[PDB]
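Listing of run_34.cif, mmCIF, C-alpha atoms (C1' of nucleotides) and all ligand atoms
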```
data_structure
loop_
_atom_site.label_atom_id
_atom_site.label_comp_id
_atom_site.auth_asym_id
_atom_site.auth_seq_id
_atom_site.Cartn_x
_atom_site.Cartn_y
_atom_site.Cartn_z
CA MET A 1 4.60 -5.13 32.19
CA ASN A 2 1.08 -5.26 30.74
CA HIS A 3 1.87 -3.39 27.52
CA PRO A 4 1.84 -4.58 23.89
CA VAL A 5 5.62 -4.67 23.44
CA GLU A 6 6.16 -6.85 26.52
CA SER A 7 4.01 -9.68 25.17
CA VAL A 8 5.71 -9.78 21.77
CA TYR A 9 9.10 -9.59 23.49
CA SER A 10 8.35 -12.54 25.78
CA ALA A 11 6.77 -14.66 23.05
CA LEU A 12 9.05 -13.87 20.08
CA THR A 13 12.13 -11.76 20.84
CA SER A 14 13.16 -13.60 24.01
CA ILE A 15 15.21 -15.87 21.73
CA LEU A 16 18.03 -13.31 21.81
CA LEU A 17 18.05 -13.10 25.61
CA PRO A 18 21.82 -13.92 25.67
CA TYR A 19 22.69 -11.10 23.25
CA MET A 20 21.80 -7.84 25.05
CA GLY A 21 23.71 -7.86 28.33
CA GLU A 22 22.59 -6.40 31.61
CA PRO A 23 20.32 -3.32 31.74
CA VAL A 24 21.26 0.09 33.16
CA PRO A 25 19.33 2.15 35.74
CA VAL A 26 17.57 4.98 33.91
CA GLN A 27 15.57 8.06 34.89
CA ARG A 28 13.72 8.88 31.65
CA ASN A 29 10.89 7.23 29.75
CA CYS A 30 11.73 4.76 26.99
CA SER A 31 11.89 6.88 23.84
CA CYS A 32 10.98 3.86 21.70
CA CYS A 33 7.64 2.81 23.23
CA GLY A 34 7.15 6.00 25.26
CA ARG A 35 5.63 4.56 28.43
CA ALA A 36 6.77 5.73 31.85
CA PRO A 37 9.82 4.32 33.69
CA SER A 38 7.56 3.24 36.57
CA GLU A 39 6.78 0.02 34.66
CA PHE A 40 10.45 -0.67 33.81
CA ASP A 41 11.38 -1.24 37.48
CA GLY A 42 13.88 1.60 37.02
CA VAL A 43 16.12 -0.28 34.56
CA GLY A 44 16.73 0.33 30.87
CA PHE A 45 19.20 -0.02 28.03
CA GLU A 46 20.94 3.13 26.85
CA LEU A 47 21.72 3.29 23.15
CA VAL A 48 22.82 5.60 20.34
CA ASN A 49 21.13 5.13 16.98
CA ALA A 50 22.42 5.72 13.46
CA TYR A 51 21.36 9.38 13.81
CA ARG A 52 23.49 9.99 16.94
CA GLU A 53 20.62 10.32 19.41
CA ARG A 54 20.76 9.10 23.00
CA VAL A 55 17.72 6.83 23.32
CA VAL A 56 16.63 4.62 26.22
CA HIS A 57 15.03 1.30 25.25
CA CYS A 58 13.42 -0.89 27.88
CA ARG A 59 13.97 -4.65 28.08
CA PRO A 60 11.26 -5.61 25.53
CA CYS A 61 12.07 -2.64 23.27
CA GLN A 62 15.86 -2.97 23.13
CA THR A 63 15.47 -6.43 21.56
CA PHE A 64 14.48 -4.76 18.27
CA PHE A 65 18.01 -3.31 17.98
CA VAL A 66 20.13 -6.29 19.07
CA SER A 67 22.70 -7.78 16.68
CA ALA A 68 22.80 -11.58 17.05
CA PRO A 69 24.29 -12.94 13.80
CA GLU A 70 25.01 -16.32 15.42
CA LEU A 71 21.24 -16.63 16.04
CA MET A 72 19.62 -14.35 13.45
CA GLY A 73 22.05 -14.92 10.58
CA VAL A 74 23.62 -12.19 8.47
CA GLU A 75 21.26 -9.59 7.02
CA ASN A 76 23.66 -7.85 4.61
CA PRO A 77 26.89 -9.64 3.55
CA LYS A 78 28.63 -6.27 3.14
CA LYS A 79 28.50 -5.98 6.97
CA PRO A 80 28.95 -9.54 8.30
CA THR A 81 29.17 -8.53 11.97
CA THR A 82 25.59 -7.16 12.20
CA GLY A 83 22.92 -9.82 11.81
CA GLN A 84 19.20 -9.50 11.29
CA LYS A 85 17.48 -7.18 13.76
CA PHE A 86 13.84 -7.47 14.77
CA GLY A 87 13.44 -3.72 14.32
CA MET A 88 14.99 -3.70 10.82
CA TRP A 89 13.06 -6.53 9.13
CA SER A 90 11.01 -5.26 6.19
CA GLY A 91 8.37 -7.57 4.73
CA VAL A 92 8.53 -9.89 7.76
CA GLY A 93 5.58 -10.26 10.12
CA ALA A 94 4.58 -12.40 13.06
CA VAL A 95 1.58 -13.59 15.04
CA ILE A 96 2.04 -13.72 18.82
CA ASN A 97 -0.37 -15.60 21.08
CA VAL A 98 -0.13 -13.65 24.33
CA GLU A 99 -2.01 -16.05 26.60
CA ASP A 100 0.08 -18.95 25.29
CA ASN A 101 3.04 -16.56 24.97
CA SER A 102 4.05 -18.26 21.70
CA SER A 103 5.01 -16.76 18.36
CA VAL A 104 4.91 -17.78 14.70
CA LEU A 105 7.10 -15.81 12.29
CA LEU A 106 5.83 -15.02 8.78
CA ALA A 107 9.03 -14.33 6.83
CA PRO A 108 9.63 -14.53 3.07
CA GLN A 109 11.82 -17.22 1.58
CA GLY A 110 14.85 -14.93 1.40
CA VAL A 111 14.80 -14.18 5.13
CA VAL A 112 14.21 -17.86 5.90
CA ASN A 113 17.29 -18.67 3.82
CA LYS A 114 19.29 -16.05 5.72
CA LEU A 115 18.17 -17.46 9.07
CA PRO A 116 20.37 -20.23 10.55
CA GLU A 117 19.10 -23.60 11.73
CA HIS A 118 19.37 -22.59 15.39
CA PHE A 119 16.77 -19.85 14.88
CA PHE A 120 13.95 -22.25 13.99
CA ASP A 121 14.45 -24.23 17.20
CA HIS A 122 13.20 -21.32 19.34
CA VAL A 123 10.68 -19.74 16.93
CA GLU A 124 8.54 -21.60 14.40
CA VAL A 125 8.86 -19.92 10.99
CA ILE A 126 6.57 -20.43 8.00
CA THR A 127 7.68 -19.11 4.62
CA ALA A 128 5.25 -16.40 3.54
CA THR A 129 5.74 -13.20 1.57
CA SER A 130 4.12 -9.87 2.45
CA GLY A 131 0.99 -10.79 0.51
CA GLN A 132 0.80 -14.29 2.01
CA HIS A 133 0.38 -13.12 5.61
CA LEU A 134 -3.35 -12.84 5.00
CA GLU A 135 -3.42 -16.37 3.60
CA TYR A 136 -1.94 -17.75 6.82
CA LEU A 137 -4.26 -15.66 8.98
CA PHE A 138 -7.35 -16.75 7.05
CA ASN A 139 -6.55 -20.44 6.69
CA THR A 140 -5.00 -21.12 10.11
CA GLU A 141 -7.05 -21.15 13.31
CA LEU A 142 -5.91 -18.03 15.15
CA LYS A 143 -5.91 -17.93 18.96
CA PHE A 144 -6.92 -14.68 20.65
CA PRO A 145 -5.82 -12.40 22.27
CA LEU A 146 -2.94 -12.02 19.80
CA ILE A 147 -0.52 -9.41 18.49
CA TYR A 148 -0.34 -9.52 14.68
CA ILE A 149 2.64 -7.61 13.31
CA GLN A 150 2.38 -7.30 9.52
CA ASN A 151 5.61 -5.43 8.71
CA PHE A 152 8.41 -5.19 11.26
CA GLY A 153 9.82 -2.57 8.91
CA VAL A 154 12.57 -0.22 9.97
CA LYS A 155 10.61 2.42 11.96
CA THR A 156 10.85 0.54 15.24
CA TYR A 157 9.42 3.42 17.28
CA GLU A 158 6.27 3.61 15.17
CA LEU A 159 6.07 -0.19 15.20
CA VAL A 160 6.06 -0.40 18.99
CA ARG A 161 3.64 2.52 19.25
CA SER A 162 1.35 0.73 16.76
CA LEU A 163 1.20 -2.62 18.59
CA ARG A 164 -2.33 -3.46 19.73
CA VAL A 165 -3.71 -6.71 21.13
CA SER A 166 -6.30 -8.33 18.84
CA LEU A 167 -8.86 -9.57 21.35
CA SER A 168 -10.92 -11.54 18.80
CA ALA A 169 -11.31 -12.25 15.09
CA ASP A 170 -13.80 -9.40 14.66
CA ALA A 171 -10.93 -6.90 14.87
CA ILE A 172 -7.33 -7.96 14.18
CA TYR A 173 -4.97 -4.99 14.45
CA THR A 174 -2.14 -5.13 11.92
CA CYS A 175 1.13 -3.54 13.08
CA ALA A 176 2.83 -2.46 9.86
CA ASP A 177 5.55 -0.19 11.40
CA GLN A 178 3.39 2.86 10.53
CA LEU A 179 2.26 4.87 13.55
CA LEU A 180 -1.23 3.62 14.41
CA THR A 181 -3.02 6.90 14.92
CA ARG A 182 -6.75 6.90 15.55
CA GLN A 183 -7.11 8.21 11.98
CA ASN A 184 -5.43 5.28 10.21
CA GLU A 185 -6.35 2.16 12.17
CA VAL A 186 -9.01 1.51 9.52
CA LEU A 187 -6.12 0.75 7.16
CA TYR A 188 -4.55 -1.52 9.81
CA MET A 189 -7.73 -3.14 11.20
CA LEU A 190 -8.65 -6.52 9.67
CA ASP A 191 -12.02 -8.17 10.41
CA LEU A 192 -11.21 -11.85 9.89
CA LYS A 193 -14.74 -12.79 10.96
CA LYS A 194 -16.47 -10.70 8.29
CA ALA A 195 -13.97 -11.75 5.64
CA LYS A 196 -14.48 -15.38 6.67
CA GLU A 197 -18.27 -15.24 6.40
CA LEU A 198 -18.02 -13.39 3.09
CA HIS A 199 -15.64 -16.07 1.81
CA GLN A 200 -18.00 -18.80 3.01
CA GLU A 201 -20.96 -17.25 1.19
CA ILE A 202 -18.98 -16.32 -1.96
CA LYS A 203 -18.87 -20.00 -2.96
CA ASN A 204 -22.49 -19.67 -4.12
CA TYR A 205 -21.43 -17.19 -6.86
CA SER A 206 -19.73 -17.92 -10.17
CA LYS A 207 -16.12 -16.99 -10.81
CA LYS A 208 -17.31 -14.48 -13.41
CA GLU A 209 -19.81 -13.11 -10.89
CA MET A 210 -16.99 -13.02 -8.34
CA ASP A 211 -14.63 -11.03 -10.58
CA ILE A 212 -17.54 -8.71 -11.42
CA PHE A 213 -18.37 -8.13 -7.75
CA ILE A 214 -14.76 -7.48 -6.77
CA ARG A 215 -14.11 -5.08 -9.64
CA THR A 216 -17.38 -3.21 -9.09
CA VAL A 217 -16.77 -2.78 -5.36
CA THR A 218 -13.16 -1.75 -5.94
CA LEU A 219 -14.15 0.88 -8.51
CA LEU A 220 -16.93 2.15 -6.23
CA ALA A 221 -14.59 2.39 -3.24
CA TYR A 222 -12.24 4.34 -5.52
CA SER A 223 -15.13 6.42 -6.94
CA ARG A 224 -14.35 5.29 -10.50
CA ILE A 225 -17.93 4.14 -11.19
CA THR A 226 -21.10 5.93 -10.16
CA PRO A 227 -23.16 4.32 -7.37
CA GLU A 228 -26.02 3.82 -9.83
CA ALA A 229 -23.72 1.84 -12.12
CA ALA A 230 -22.49 -0.34 -9.26
CA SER A 231 -26.06 -0.91 -8.08
CA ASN A 232 -27.07 -1.92 -11.60
CA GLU A 233 -24.14 -4.34 -11.77
CA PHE A 234 -25.04 -5.89 -8.41
CA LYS A 235 -28.74 -6.22 -9.26
CA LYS A 236 -28.06 -7.70 -12.70
CA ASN A 237 -25.55 -10.17 -11.20
CA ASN A 238 -27.64 -10.85 -8.05
CA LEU A 239 -24.81 -9.61 -5.81
CA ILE A 240 -27.10 -7.94 -3.26
CA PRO A 241 -26.29 -10.21 -0.25
CA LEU A 242 -22.57 -9.72 -0.81
CA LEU A 243 -22.98 -5.96 -0.61
CA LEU A 244 -25.20 -6.39 2.45
CA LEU A 245 -22.29 -8.24 4.08
CA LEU A 246 -19.74 -5.57 3.15
CA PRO A 247 -18.87 -2.77 5.59
CA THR A 248 -20.08 0.69 4.64
CA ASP A 249 -16.51 1.97 4.99
CA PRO A 250 -14.80 1.96 1.56
CA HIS A 251 -11.32 1.46 3.01
CA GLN A 252 -12.46 -1.58 4.97
CA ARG A 253 -14.11 -2.82 1.78
CA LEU A 254 -10.79 -2.48 -0.03
CA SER A 255 -8.93 -4.23 2.80
CA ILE A 256 -11.28 -7.20 2.93
CA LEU A 257 -11.29 -7.44 -0.87
CA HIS A 258 -7.49 -7.48 -0.86
CA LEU A 259 -7.73 -10.28 1.69
CA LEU A 260 -10.31 -12.14 -0.42
CA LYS A 261 -8.29 -12.07 -3.63
CA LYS A 262 -5.32 -13.50 -1.68
CA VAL A 263 -7.15 -16.56 -0.32
"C1'" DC B 1 -51.80 64.49 -60.87
"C1'" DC B 2 -50.43 59.68 -63.04
"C1'" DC B 3 -47.91 54.86 -61.95
"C1'" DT B 4 -43.36 51.07 -60.34
"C1'" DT B 5 -43.36 44.87 -65.53
"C1'" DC B 6 -42.63 39.88 -66.71
"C1'" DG B 7 -38.74 35.14 -65.20
"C1'" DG B 8 -34.75 32.52 -66.06
"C1'" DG B 9 -32.04 29.48 -63.97
"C1'" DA B 10 -29.02 28.18 -59.26
"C1'" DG B 11 -22.62 22.64 -61.42
"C1'" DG B 12 -20.48 19.04 -62.63
"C1'" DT B 13 -15.28 16.84 -59.56
"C1'" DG B 14 -10.88 15.87 -56.90
"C1'" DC B 15 -8.71 14.07 -52.72
"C1'" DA B 16 -8.40 14.12 -47.13
"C1'" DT B 17 -0.22 11.77 -45.29
"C1'" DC B 18 3.70 9.82 -43.35
"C1'" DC B 19 6.26 9.38 -37.32
"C1'" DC B 20 8.50 10.06 -33.30
"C1'" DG B 21 8.56 8.86 -28.36
"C1'" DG B 22 6.17 8.66 -22.94
"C1'" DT B 23 12.26 9.89 -17.28
"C1'" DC B 24 14.77 9.78 -13.10
"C1'" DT B 25 12.34 9.63 -6.81
"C1'" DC B 26 11.23 9.05 -2.57
"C1'" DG B 27 9.91 9.55 1.60
"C1'" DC B 28 14.22 4.18 6.66
"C1'" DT B 29 17.92 2.45 9.55
"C1'" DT B 30 22.18 0.82 10.01
"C1'" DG B 31 27.31 0.08 9.43
"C1'" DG B 32 31.55 0.46 6.41
"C1'" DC B 33 34.49 3.72 4.82
"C1'" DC B 34 36.44 8.69 4.49
"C1'" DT B 35 38.38 12.21 5.85
"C1'" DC B 36 37.91 15.97 9.91
"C1'" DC B 37 38.81 17.49 14.33
ZN ZN A 301 10.21 0.62 25.39
#
```

Starting from the file, lay out its structure as structure tokens.
Amino acid sequence: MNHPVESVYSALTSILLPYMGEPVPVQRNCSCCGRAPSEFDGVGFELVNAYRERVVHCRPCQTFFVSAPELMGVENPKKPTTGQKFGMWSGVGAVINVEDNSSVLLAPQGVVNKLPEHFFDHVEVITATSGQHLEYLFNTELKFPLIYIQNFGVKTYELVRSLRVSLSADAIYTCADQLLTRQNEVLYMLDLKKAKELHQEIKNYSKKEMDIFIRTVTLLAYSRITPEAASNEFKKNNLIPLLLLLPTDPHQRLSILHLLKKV
DNA sequence: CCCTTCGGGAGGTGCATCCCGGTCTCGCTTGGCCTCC
């Protein structure tokens, strides 16, 4: 019940409620999310994947493998009878407001074209490419707690095991279909608050000074310029407060810079 | 058991290339289609 996949299912993937059929009583944990059957009420959906493996998917997890062409359009014309699947979308993200239980889908223009009219009635979709997810997140007033999926991808198991509720703008957890180990959440953690304050205070600096700051910090985070050189560049360009507002972590620096150069 | 020399003088110049030709990949899942059992 109170797990990350359940919220995204209720808010976003409940649109294909008609297109699964009834569950089946199961006696083994859902291989996709991995949690225990005790929170499935003893029911589950059996399935066999493209690799011929018997896998049990619970109610909110099985929705990532449902074929609903009459709702989700056709994903590949070579196979008309299998429409877009939530677990197979690559480049498509979403933002799910758990407390409101609503969802907004960030799909590129191609996917939006492939989606039928009936899809938009249940889920509001805004055309945005993979790089434009950050633009929507920055510009639009997010409502927390929320689940921000960045790349539905094709590795549905890793996607569901990477879902994490973003309790506030200080730490928005991106779910990019890559298994969110404790080693790599720095690459999937976005601090919209720090990026927002840095963007607010960057207005005081020239465009040339901006380019200089971004390039210097990027090179430093990639160890392509010595720290003394970067310090000289910051001091000569009066970029000290900007560095003071940057995280010490170089990967977070790169992430927030990537966000900055998108907005 | 002598007594070992002087110094002259020390380059001038050439000529220093052309051209190629810089790769595939793939890190996922699924169904359609092919033959196999
Ligand atoms: Zn599950």

Atom pair CA of residue 227 in chain A / CA of residue 195 in chain A: separation (Å): 22.6 Å

Straight-line distance linking CA of residue 192 in chain A with CA of residue 99 in chain A, stated in Å to one decimal: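 One can read the CA of residue 192 in chain A to CA of residue 99 in chain A distance as 19.5 Å.
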
8 Å contacts from chain A to chain B using only C-alpha atoms (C1' of nucleotides), as a VMD selection string: chain A and resid 50 79 82 88 154 to 155

Selection export as a CSV table (one decimal), in the coordinates of the input, atoms kept: C-alpha atoms:
```
chain,number,residue,atom,x,y,z
A,50,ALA,CA,22.4,5.7,13.5
A,79,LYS,CA,28.5,-6.0,7.0
A,82,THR,CA,25.6,-7.2,12.2
A,88,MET,CA,15.0,-3.7,10.8
A,154,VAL,CA,12.6,-0.2,10.0
A,155,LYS,CA,10.6,2.4,12.0
```

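Separating CA of residue 42 in chain A from CA of residue 103 in chain A is a distance of 27.6 Å.
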
Nearest to ligand ZN 301 (chain A) by atom-to-atom distance, counting only C-alpha atoms and all ligand atoms, from A:157, A:136, A:51, A:222: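 Going through A:157, A:136, A:51, A:222 one by one, the smallest distance to ligand ZN 301 (chain A) is for A:157.
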
Within 10 Å of ligand ZN 301 (chain A), counting all atoms listed in the file, residues as a PyMOL selection string: chain A and resi 3-6+29-37+39-40+44-45+55-64+157+160-161

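By chain and then residue number, the residues within 6 Å of range 167-171 of chain A are residues 144, 145, 190, 191, 192 and 193 of chain A, counting only C-alpha atoms (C1' of nucleotides) and disregarding those fewer than 4 positions away in sequence.
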
Of the listed residues A:163, A:8, A:128, A:48, that which approaches residue 86 in chain A most closely, counting all atoms listed in the file: A:8

Excluding residue 116 in chain A and any residue of its chain fewer than 6 positions from it, enumerate the residues within 7 Å of it, using all atoms listed in the file, and give them as a JSON list (two decimals) with C-alpha atoms, in the coordinates of the input.
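Now in around-v5.json:
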```
[["chain", "number", "residue", "atom", "x", "y", "z"],
["A", 71, "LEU", "CA", 21.24, -16.63, 16.04],
["A", 72, "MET", "CA", 19.62, -14.35, 13.45],
["A", 73, "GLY", "CA", 22.05, -14.92, 10.58]]
```

Enclose all atoms of range 73-92 of chain A listed in the file in an axis-aligned box, grow every side by 5 Å, and hand back centre and edge lengths in Å to one decimal, as lines of an AutoDock Vina configuration file.
```
center_x = 18.8
center_y = -9.3
center_z = 9.0
size_x = 30.8
size_y = 21.2
size_z = 21.6
```
